[PDB]
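For reference, the structure discussed in these notes is given below.
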Amino acid sequence: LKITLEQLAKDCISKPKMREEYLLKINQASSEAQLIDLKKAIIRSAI
Amino acid sequence: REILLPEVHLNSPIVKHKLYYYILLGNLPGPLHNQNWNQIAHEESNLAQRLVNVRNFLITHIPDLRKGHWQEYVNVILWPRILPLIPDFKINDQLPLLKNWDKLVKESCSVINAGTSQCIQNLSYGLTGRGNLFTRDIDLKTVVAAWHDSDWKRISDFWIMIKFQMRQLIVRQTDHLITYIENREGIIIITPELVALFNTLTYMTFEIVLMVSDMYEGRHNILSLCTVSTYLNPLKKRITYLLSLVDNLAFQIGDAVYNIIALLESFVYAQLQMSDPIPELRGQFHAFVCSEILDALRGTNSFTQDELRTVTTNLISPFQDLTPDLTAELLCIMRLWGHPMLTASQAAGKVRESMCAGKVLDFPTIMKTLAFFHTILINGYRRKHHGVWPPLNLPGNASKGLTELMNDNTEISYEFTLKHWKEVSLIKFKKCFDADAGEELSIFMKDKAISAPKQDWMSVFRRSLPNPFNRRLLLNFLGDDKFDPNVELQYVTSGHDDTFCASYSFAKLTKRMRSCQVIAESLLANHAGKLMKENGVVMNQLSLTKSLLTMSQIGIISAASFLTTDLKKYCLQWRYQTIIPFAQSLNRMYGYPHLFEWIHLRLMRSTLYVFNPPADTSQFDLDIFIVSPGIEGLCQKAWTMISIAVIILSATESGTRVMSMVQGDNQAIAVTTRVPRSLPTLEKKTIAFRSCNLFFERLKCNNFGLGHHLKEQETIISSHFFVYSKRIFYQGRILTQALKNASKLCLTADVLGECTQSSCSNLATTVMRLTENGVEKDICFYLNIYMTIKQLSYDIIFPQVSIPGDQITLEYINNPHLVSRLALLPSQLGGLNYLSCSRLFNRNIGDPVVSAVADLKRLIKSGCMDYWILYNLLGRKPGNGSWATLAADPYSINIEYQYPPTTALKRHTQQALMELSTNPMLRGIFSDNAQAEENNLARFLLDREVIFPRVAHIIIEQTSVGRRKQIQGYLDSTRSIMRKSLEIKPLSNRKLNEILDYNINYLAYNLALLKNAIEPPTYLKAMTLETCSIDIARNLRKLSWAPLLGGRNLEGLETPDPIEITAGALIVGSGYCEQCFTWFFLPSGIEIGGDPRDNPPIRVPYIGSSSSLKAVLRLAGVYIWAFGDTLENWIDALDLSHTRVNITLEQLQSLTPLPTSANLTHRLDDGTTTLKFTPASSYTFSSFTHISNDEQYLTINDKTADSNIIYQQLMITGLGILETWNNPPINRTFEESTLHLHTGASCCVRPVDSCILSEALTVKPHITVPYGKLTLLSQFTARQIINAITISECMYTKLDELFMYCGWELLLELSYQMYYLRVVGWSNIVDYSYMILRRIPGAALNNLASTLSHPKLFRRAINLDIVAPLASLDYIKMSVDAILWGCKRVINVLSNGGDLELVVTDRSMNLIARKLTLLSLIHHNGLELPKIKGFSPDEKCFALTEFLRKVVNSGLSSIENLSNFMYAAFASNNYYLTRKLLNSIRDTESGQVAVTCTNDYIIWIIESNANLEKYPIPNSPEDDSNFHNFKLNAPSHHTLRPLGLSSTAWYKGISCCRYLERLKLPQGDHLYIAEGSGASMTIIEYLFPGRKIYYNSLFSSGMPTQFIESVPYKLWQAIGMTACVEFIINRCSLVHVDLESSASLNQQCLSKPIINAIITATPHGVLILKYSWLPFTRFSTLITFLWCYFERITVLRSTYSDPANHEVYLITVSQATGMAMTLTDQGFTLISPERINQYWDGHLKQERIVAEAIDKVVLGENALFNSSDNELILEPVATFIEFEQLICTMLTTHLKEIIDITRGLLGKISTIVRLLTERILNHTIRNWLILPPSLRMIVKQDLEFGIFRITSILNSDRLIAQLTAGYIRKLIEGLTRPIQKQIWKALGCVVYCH
Ligand SMILES: [Zn+2]
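Quick note, the sequences are listed as chains A and B, same order.
Last residue of the first sequence: 206 in my numbering, with the numbers rising by one and none dropped.
Last residue of the second sequence: 1939 in my numbering, with the numbers rising by one and none dropped.
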C-alpha cells in the first residue's frame, strides 16, 4: 500500500527533501509494478 | 457459602444468547427468537421478578420513563469502551474501605522503605559494588507511587468492588434477594446475574464483569510496569494511543474490530519483517497485512478511502523505530481487549463452510507421500532398534528393494525413494507388528468431555413445545464393570450404530466412542510416536528448547532462511478419501483391525451441531446444524505425522539441509546450504532467500496437491524470524515476551480452593517468571514486595467471605508495621515471600531452608528493624506433624500451616474417588489403612542414629505404596469433577471447619509471631550473631523436629546458598580485586549491527546444563548404600522387592547381581511426566561469554555432581550477574570486563562426612496384585574412553599401553570402514588417521582435560617419550597425536606379532571383530594382490582363509606365528568390570613401579632503544573451555626450601642475587613495594649493601615478620591506585614489586612503573618485577609498554614455580603516550618473536631437572651449597622402627573408641576419623626415613594424587574389636592443596634435618 511504502521510505532514506519529493510522487504514483520499482530505488538509494 | 465460591476469573465463553435472554425476559428497552414471555415468566424463574423490580425501581428513578425518542436514554450494548471509561462511578467520595486500603499500603511501604534500598545496595557491594546499571533513581516509593499515581486504577478498584459484591450475591443465591443502590448521577443495580451502569445506560451479565475487570486490571498493571525507567515513554505513548484509538474505533463500528484484533496481532510481525538485508519482505508482508485489514474494516461502511487511510496511519503510528523486543511486548499487550460475545450463527457457519469445497483428490501426491511415510517409518524403526523392519510384502516392483531388504540395509535413502512409486504396503488381515494395546493406565483414567445420545437438544437446554444426563467418563469409568480396551476395540471393529452425536461447544462425543478415541491416541503416540525425525519434540523442556534455540543458532554464523506458518483449517479440511492409505497401513501394522480411521469415517454419515429456531424438529434434517464435513483435534497425531511426510517430500523435491518443528497444525522450517563462507554476508542472505523461496513454492504446490487451502495469511518467511507457540526467536535469542506475564499479575489465586498462601505463591512465580526476561532484578524484588503487601492488604480488608468476628483482623490492620514484618520473611520458613531473592539467580534450588535463613540473616543485617524474630522462630512452638508427614517431604520444617487446602481438598477428592470402585484388580490399589502403612514405613526409616530424608523419600516413592500413591495422585482435579467428587458429601464437618476458615488461623499463627516473644537464653547466644546460614538451618530443623524425633539431627543435604558463599568482584579496564579462584570473562562485544563474523568472539552459548523392576533396582541400590553389606539390610531389600515387585514372577534370586553400585553421591532428581512445557526460559547475552575454571576449586576426585552442583550454581550466578549488568538496551559501550569470584572467605565450607548404620523396626507392607599383569586396565580404559569419541582416575596406575590399545581399537573400526579403499601400511594409515582424527573437538576437549593434566601423568608420558610438545603451550594436539603414536606403535605390533587376544564387550559382533582384525592385517599385509568385498558374515572370513593360504608363500615376519594366525575373551558390561577391577587392584601390589640449584637462566629480553617489531603470532591455545588444566596443582617443589618459615620464597631471592652479582649495579637503598610478610627481600640486604631500607606493605586489614627477625638487631649493633603511590613518592636505587590478577586486555599497575621513573628521578638503577605470561598477549603488552624510556631489560626464569608457565622475574614525554602506544599496538605489534622457543626448551629442561630433584629427595641427598647460605640468617616427636606396630596400636585404640561412643552442636565421628588419619599421616611423615622402599614409592604416589591409601591394610588383622565392626575394610579405604604443600615441606624438613 501507498502509506506502507511511505513509512518504508521515511525509515530508509536520508535527505528529507528528496524523501518529501518521492513521497509527493508515490502518493500520485499508482502502478504497483512501478511501486516495486520505486521501492527498489529507495533501497538502493541509501548510497 | 457452604464450599468453594465460584470462579473469580473466567474460563467459559461469553455469548449473546444469555444476555439477550435475560434482558428480554425482563421488560427493558433482530434476535434469533421471538417466542413467549408470560408463559416462561410463569415457568419458575424469579428472574422476571428480580428484573421487573429492577425496571420499576429505575422507572421511579429515571426522569424519562416513556418519552418521545429517549433523549439521553440509550441502551448502548454495542460494546462501549469509552463509556466504561466515562466516570460511571467517579463520585470522588470513595467507598470507605478502599481509603483504608490506600492508607495501609502506603504506610507499610513507607515504614519498610529505607531499609530495603540500602539492603540491596549492600548486596551489590557484596557482588561487585554498585550494581544495577543503566545509561534518575529507582526505589520502593517510586513504585508504589506510580502504581497509585496512575490512571485506570480507581476504575479497576471500582470493578473489583463490583466483582466482590456480585460474588457475595451469588453466594447468597447458593444459600438464599438482590441489590438496589442509589447515588448521585448514577444507578447501581446489582443482581447475581446482571449489573447496571448509568450516570447513557447499559447492562452487563456475569461473565462480562469478569472480562472488564481483567481488562482494566491488566492495562493498569501494564502502564504501571511501563512507568519504570527501563522501558520508558516510548511504550507508554504506544499503549495509550493504541488503547484510545482502538476504543474509539470499537465504539464507531462494533464487533468487526474484534475480528481485526486478530488481524492486528499478526501486523507487528510485518514491522518485525524489517529483515533489512533481504528485500521484498517488507513490501510483501507489511503490504499484505495492511491491505487485508483495510478490507476487514471497509467491509462495514465507515468510509472508503480518506477515513481508511487516516485510521490506518494513526493505527500503525505506535510502530516506529523499535527493535524486536519492544515490538513483541507490544503485541503481547495488544491482546488485552477481551473476547467478543459469541453466537452460534457465525462460527457454526464457518465450520459448516468446511463442507464440500471440491472433491479434488490427487492420487500422485498422496501416493508419493504415503511412500515417504512408509520410508520414514522404516528407517526410524531401524534406528530405534538393533533393527529388523520386517515387512511381509513388496512382491511388486523392486529388485533393488530385494537387495536392500534381504541384506537388512540399516539405511534407506530419501533420494533413493523419490525415484520410485509404491514402495511398500504392509496390507493384510493376519496379525500385529511392533505394537501392543491395553497399557499406559494414565489415559483412560483421566477424563475429558462427553456428549449425549440421540435425544440431545432437550439435554442441551429447555424451552421446547426430555431429560438431562450430565455424566462424565470419569464417574462411569470408575463405576464401570468388565471394561477393557479389548472389548473397546471389539466395539471399534463393530458397528454404524445410532449412538454417537458429535457435539461442539472444542468438541465432545459419547462414552464408548471417546474411550476408543483416547485408547487410539495413546497407542499411536506411544508406540509409533516414538519414531521421530526432524523434530526435537521428544521431551518437554531440555531437548525442545535447545533444539529450537540451536536451529536459530546454526542459522547464525561467525543459513539465513527461515519460515513458519500457523494453521487451523488443517484440522477441518481433511477427507476420508485422502487418508485411508495411512489408515490401513498403520492398521495392519498394529494388527487390530480398522482402528485408526473409524472415527472420522463415521463423521461422513451423521449430522452435528453446536438456541435452535424450531417449527417441529427432532431428527435428521438437511441444513444451526451441519451435516458431515474434518474434525478439530481428534487423532491430530496422524495429522502431524503426515505433515512431517509432506514436508520431507518437499525437502527431497528440492535438496537442502532442512530442520523443522511441526505439531498440531503449526510448523516452522529452517534451511541452509553449502554456501561459500567467505564473501560478505548480505548476498549470503540473498542465496539463502532464493533457496528457501523455491522450496516454499514447491511446498505450496504439493501441500495444495494433497488438498489444503494454505494461503499467505497463515505463513511468514524471513532470514531470522522463527516463531512457535507464540514465542518468537530473532537473531538467535528468545524475545523478551515479558509484558504479557505483567498483565497476568492477577489479584487472587486459582479458581478452586481459596486461600491466601497459594495465591501469593502463584503471584510470586508469575513475577518470578517476569524476572526471567527483560526487566532488571531490583525492580522485580521491589515489585514482589509491593505485590505481596497489596495482596495481603486486599485479603485482610473486606475478606472475600468477610466476617468481622475475630480481632485478628483489627490487630493486623491497625498497624502497618505488622503486615510488612509478615511479608518480609521467606515463605518456606513461614510468611508470604516465596523465594524471590535467591531464586532471583537460579531456577534450580538446592535447598530452600538454608536459602530461607540466608535471606533472613541478610535482610536483618541490612535491617528490616526486626532482630529478635530469629530467636522467636528458633524458640517457636515445635509443630506436631507426623512420621509420614516428614517422610513425604525432605527440606521440611515442622510448622503448623504449610499446606493450603488445595492439596488437602484434592487429596480427599482423589481418595473419595477411589472410594468409587468396581474396576479390575485395581481393588488392592486402594486400601483403607494406606496412611497407616506410610507411617509404618516412616517409623521403619527414621527411628535411627543417622537419618537422611531424601533416602526415605525416594524409597517410599519406589516401593509398593509408591505406585498406589502415584496412581491415586494422577487423577482429574478440575472444578467439574471437584463438585462431582463432593457428590461424596460427608467428608466431615470437622474437616469442613478446618477448610472454610483456613486463612483466619494462618494469620492467627503469624500473629503468634507478634512483637517479641520469650527468648531461650542458652541457644540464643549459642546461635545468634550471625555466623552461617548452614548452622542456623541445622539447629532450627533439629529443634523443630525434636518433638517427634528428639535428639538426632537429620543430615544428608543442605549445599549452601550462593549469595552467602560467593562474593566476587568485577573489573573493567583498570581494576584490582580481593587477593586470590574462578573467573568469567567478557570481551568488548557489540550486539547486531556490524558483521556476525566481525562480532569479536565465537558464539558459545550456555544454559542450565523390563518394567518397574527398574524402580525396584533403584530401590535396592539406594537402600543398601552399596557398602554396608549385611544379611539384614539385604534381606530388607529383598522384602521391599517382594513388596513393590508385582509385575512378573517375583524376584527370588539370592543376591541381586544386575543392580550396580550408585550410592557414591546424591544424584536424585525427578520429573519428566508431561509432553511439553511452554514458558521455557530467557537469556539474551550469555553468548559472547567465556567461562574458565582454571583456578582451584576441585582436583581429581569421585564427586560426580557432588560439588559440580555448586559449581553449576556459580556458573549460573556469573551468567546472571553479567546479564543483569547488560540486560537493558545496550551496546559495545562496555570495555573488556571480567568477574573474579574470589570466594575463599566463605563463612562455612563444612567438609563432607561418611559412616554406616542399620535401621531395625521390622515392619512389612502387604499387597499382591498385577503392578598377574594388569594390562586389562589399559584395555578397559581404552574401551571406555575411545568409545566416547567413537577424569584421570583409572588412568593413574597405567602406562603407554592405554594409548596403544585405544589406537588399536580405532584402527580396527576405521579399517573395517576402509572397505578395501587403498590404505598402505604407514603412509596412508597416517594420512587417513589424521584426516579422521582432526575433527569433532568436543570429545577431544574432554579427553584432553581428562588425561593431559597437571599431575606427573603428562610428566610420565613425556619422560616415556610418547609425544613431542614442540606460543607453543598447546595441549589438545598432543592428546590426539598421543593416539597417533599408539597407532604407530600398533603397526609395529602388526609388523610381527598376533598377541593380545582381543576381547568382546554377541557372536555376530565378535566374528565381525575377527573380520576387522584380519581386514587391517591384510590391508597392510598385502602389497602382492588386491581383495574384494562381498557378504557380511563369512565372506571376509573366507577372505582371511584364502589370502592367508596365499601370503603364507610370501611373508616378511617369522613364519610360525602366521600359522597361529588361525587363532576371543568375553565381557558383559564396561562399568561393572572397569570399576570392580580398579577397586580389585586396591590391595598390596607394587606392579606400578614399572615407571622406575643454579640451573634457571635468562632470556635477556631486548637491546637498548630497539624498534624492529616482528611477526606477532599472538596465537593462543585453549580456544574452547575444557576442564581446569593449566597450572593448578604440582605441590612437589615445595620440599626444596625446608625452613621454619611460612614464605620459603627467597630461593628465588638468592637466584636474583646470583643474577645481581652477575652484573654491576649502583648504590644500595632497597625499595620494597607493598609485598612481604616475612619474605624474600631480606636476602638482598643480607647480600647487598644498605642502611635503613625503604619499604612498605599493602594496606592490610589487621609489619614484616622474618625481616625483623633478620636485619634490625644486626643494624642496631652499631596496594596503590592514586594516593598511596603519592605518599610512597613522598617517602633512588633498586626497587622490588610483585603482583598478579585476572584476564584483561590492558594494564592496571603502571602506577609502580611511573613510581620507579619519578623515584629514580628524585640515575639508572635497575628494578625487579614479578610477572608471568599466562595470557602472553598481556605480557607482551607490558613488554611493549616498557620498550619506551628503558633499555637492556632482562628477565630470568625461576625454579620455585611448578612445571608450568613461569612466574618469571624481570629486572617518550608522558605515560599516557606509552599506554595508548601499546594499546593501539594490540593491532600489529609483538616484540618476543624468537627467544620464546629457547624459553620453552629451557622450561622443559627445568621440568626434567625438578623431576631429578624429586628423585633425589626420595633419597637422603640434598640441593646444598645454598641451603646453608640461607640458613646463615634463617615436628620433633619420637621416631621408631616399629611405627608399624605403633599404627596397629593406634588404630586398635581408636576403633575401640568408635565402638564405645556409639555403644552450636556437633556431628558424631567424621571429625575424629579425619583427625586419626591425619595424625597417622604426620607419624609416617616423621618416620619417612624408616622405609620399606616399596611402601615408600607407594605413599609417594598417594600423597601425589592417590592420597593416603592406608598401608597396614590386612596385617592389621591382629577378634572382639573386629567382630564389633566388620566394615573395617571400608574404614581402611576412605589431599587438599594447602595441607598437601604443608606436608611436602614437612618431608623436606625431615630430609634436611637428619
Ligand atoms: Zn557459610
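Where a beta carbon is used, it is the ideal one built from N, C-alpha and C, also for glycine.
| query | Does DSSP put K1597(B) in a helix, a strand or coil? | reply | As a working mapping, residue 1597(B) is identified with position 1548 in the second sequence. Helix.
| In or out: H110(B) buried (at least 16 other Cβ within 10 Å) or exposed? | Residue mapping note: residue 110(B) aligns to position 61 of the second sequence, counting from 1. So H110(B) counts as exposed.
| query | Where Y1364(B) and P729(B) are concerned, what is the direct C-alpha to C-alpha distance, given to the nearest angstrom? | reply | If you number the second sequence from 1, residue 1364(B) lands on position 1315. If you number the second sequence from 1, residue 729(B) lands on position 680. If I take the Cα positions, the gap works out to 41 Å.
| task | Assign residue 1988(B) to one of two classes, buried (16 or more other C-beta atoms within 10 Å of its C-beta) or exposed (fewer than that). | result | In the structure displayed, chain B extends from 50 to 1939; residue 1988(B) sits before or after that span and is not available.
| In terms of residue numbering, what span does the alpha helix (DSSP H) encompassing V154(B) cover? | Start at 1 with the first residue of the second sequence, and residue 154(B) comes out as number 105. Looking at the DSSP string, the run of the alpha helix (DSSP H) that includes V154(B) is 145–176.
| query | Leaving out the 5 sequence neighbours to the left and right, which residues in its chain are closer than 8 Å to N1518(B) when beta-carbon positions are compared? | reply | By one-based count along the second sequence, residue 1518(B) stands at place 1469. If we look at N1518(B) and ignore the five residues flanking it on each side, its Cβ neighbours are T1450.
| field | 8 Å Cβ cutoff, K184(A) in contact with chain B | value | Counting from 1 along the first sequence, the entry for residue 184(A) is found at position 25. No, because no Cβ of chain B sits closer than 8 Å to the Cβ of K184(A).
| task | Drop a sphere of 10 angstroms on the beta-carbon of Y916(B), count the other beta-carbons inside from all chains shown, and report buried for 16 or more, exposed for fewer. | result | In the second sequence, counting from the first residue as 1, residue 916(B) sits at position 867. Counting the other CB atoms within 10 Å of its CB gives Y916(B) a total below 16, which places it among the exposed residues.
| Do you know how far the Cα of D1451(B) is from the Cα of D1021(B)? | If you number the second sequence from 1, residue 1021(B) lands on position 972. If you number the second sequence from 1, residue 1451(B) lands on position 1402. Cα-Cα distance, rounded: 47 Å.
| Enumerated in chain order, which unbroken segments of the alpha helix (DSSP H) with a length of 4 residues or greater are wholly contained in the region 461–524 of chain B? | Listed in chain order, the alpha helix (DSSP H) runs fully inside the region 461–524 of chain B are 463–467, 506–509, counting runs of at least 4 residues.
| task | Check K1715(B) in the structure and name its three-state DSSP category. | result | The residue given as residue 1715(B) occupies position 1666 in the second sequence. Reduced to three states, the DSSP call for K1715(B) is strand.
| request: Output yes or no for whether 8 Å exceeds the beta carbon distance between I1551(B) and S1291(B). | output: Reading the second sequence from its first residue, position 1502 is the one you call residue 1551(B). Reading the second sequence from its first residue, position 1242 is the one you call residue 1291(B). For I1551(B) and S1291(B), no; Cβs fall outside 8 Å.
| query | Closer than 7 Å: is that where the CB of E982(B) sits relative to any heavy atom of ligand 1? | reply | Counted from its first residue, the second sequence places residue 982(B) at position 933. No; taking the cut-off as 7 Å, the Cβ of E982(B) has no heavy atom of ligand 1 nearer than that.
| query | Given a limit of 8 Å on CB to CB distance, which residues of the region 1013–1029 of chain B reach chain A? | reply | For the region 1013–1029 of chain B, the set of positions with a beta-carbon nearer than 8 Å to some beta-carbon of chain A is empty.
| request: Identify which residue in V103(B), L74(B), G1710(B) has its Cα closest to the Cα of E92(B). | output: Here the question's residue 92(B) lines up with position 43 in the second sequence. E92(B) has its Cα closest to that of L74(B), out of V103(B), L74(B), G1710(B).
| query | Which first and last residues belong to the beta strand (DSSP E) in which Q1257(B) is found? | reply | In the second sequence, residue 1257(B) corresponds to position 1208, counting from 1. Careful: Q1257(B) lies outside any beta strand (DSSP E), inside the alpha helix (DSSP H) at 1253–1270.
| task | Verify the CB distance criterion: does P1273(B) have a CB-CB separation below 8 Å to chain A? | result | Numbered from its first residue, the second sequence carries residue 1273(B) at position 1224. Taking Cβ atoms only, chain A never reaches closer than 8 Å to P1273(B), which makes this a no.
| Partners in chain B for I172(A), counting only beta-carbon separations shorter than 8 Å | The residue given as residue 172(A) occupies position 13 in the first sequence. Under the 8 Å cutoff, chain B gives no residues; its nearest Cβ is about 13 Å from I172(A).
| said: Less than 8 Å between the beta carbons of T459(B) and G429(B), yes or no? | reply: The residue given as residue 459(B) occupies position 410 in the second sequence. The residue given as residue 429(B) occupies position 380 in the second sequence. Taking 8 Å as the Cβ cut-off, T459(B) and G429(B) do not qualify as a contacting pair.
| request: Give the residues of chain B in contact with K198(A), contact being defined as C-beta atoms less than 9 Å apart. | output: Here residue 198(A) refers to the residue found at position 39 when the first sequence is read from its first residue. Identification of chain B residues near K198(A) by a Cβ-Cβ cut-off of 9 Å yields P328, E329, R331, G332, ordered along the chain.
| task | Check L1356(B) in the structure and name its three-state DSSP category. | result | Taking the second sequence and counting its residues from 1, the one referred to as residue 1356(B) is at position 1307. Helix at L1356(B).
| task | Kindly give me the distance between the Cβ atoms of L755(B) and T627(B), rounded to whole angstroms, as I take these residues to be in contact under 8 Å. | result | Here residue 755(B) corresponds to residue number 706 of the second sequence, with the count starting at 1. Here residue 627(B) corresponds to residue number 578 of the second sequence, with the count starting at 1. About 7 Å separates the two Cβ atoms, so the contact holds.
| CB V1435(B) to CB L1356(B), shorter than 8 Å? | Mapped onto the second sequence, residue 1435(B) falls at position 1386. Mapped onto the second sequence, residue 1356(B) falls at position 1307. Yes, Cβ-Cβ distance for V1435(B) and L1356(B) is below 8 Å.
| request: List the whole-angstrom C-beta distance separating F106(B) from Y229(B), where the pair is believed to meet the contact cut-off of C-beta under 8 Å. | output: To locate residue 106(B), count along the second sequence from 1; it is residue 57. To locate residue 229(B), count along the second sequence from 1; it is residue 180. Taking a contact as a CB-CB distance under 8 Å, the pair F106(B) and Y229(B) counts as one, their CB atoms being some 5 Å apart.
| task | Kindly list, in the order they appear in chain B, the residues whose Cβ is closer than 9 Å to that of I195(A). | result | Position 36 of the first sequence, counted from the start, is the residue given in the question as residue 195(A). Within chain B, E329, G332 have C-beta atoms less than 9 Å from the C-beta of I195(A), given in sequence order.
| As assigned by DSSP and simplified to three states, the class of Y1151(B) | Against the second sequence, residue 1151(B) aligns to sequence position 1102. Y1151(B) sits in coil when the DSSP states are folded into three classes, being neither helix nor strand.
| task | Report yes if the C-beta of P1105(B) is less than 7 Å from at least one heavy atom of ligand 1; otherwise report no. | result | In the second sequence, the residue the question calls residue 1105(B) occupies position 1056. Answer for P1105(B): yes, Cβ within range of ligand 1.
| request: Specify the secondary structure class of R1723(B) as computed by DSSP and reduced to three states. | output: In the second sequence, residue 1723(B) corresponds to position 1674, counting from 1. In the structure shown, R1723(B) falls within a helical segment according to DSSP collapsed to helix, strand and coil.
| task | Count the other C-beta atoms from every protein chain shown that fall within 10 angstroms of the C-beta of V1190(B), then say buried if there are 16 or more, exposed otherwise. | result | Within the second sequence, residue 1190(B) is the residue found at index 1141, counting from 1. Buried, since its Cβ has 16 or more Cβ neighbours within 10 Å.
| said: Determine, for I202(A), whether the minimum Cβ-Cβ distance to residues of chain B falls below 8 Å. | reply: The count along the first sequence starts at 1 and reaches residue 202(A) at position 43. Answer yes: the Cβ-Cβ gap between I202(A) and chain B drops below 8 Å somewhere.
| said: Helix, strand or coil for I140(B)? Go by DSSP, reduced to three states. | reply: Mapped onto the second sequence, residue 140(B) falls at position 91. Three-state DSSP puts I140(B) in coil, outside helix and strand.
| said: List, in chain order, every chain B residue whose beta-carbon is nearer than 7 Å to that of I162(A). | reply: Mapped onto the first sequence, residue 162(A) falls at position 3. Chain B residues near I162(A): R358, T361, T362.
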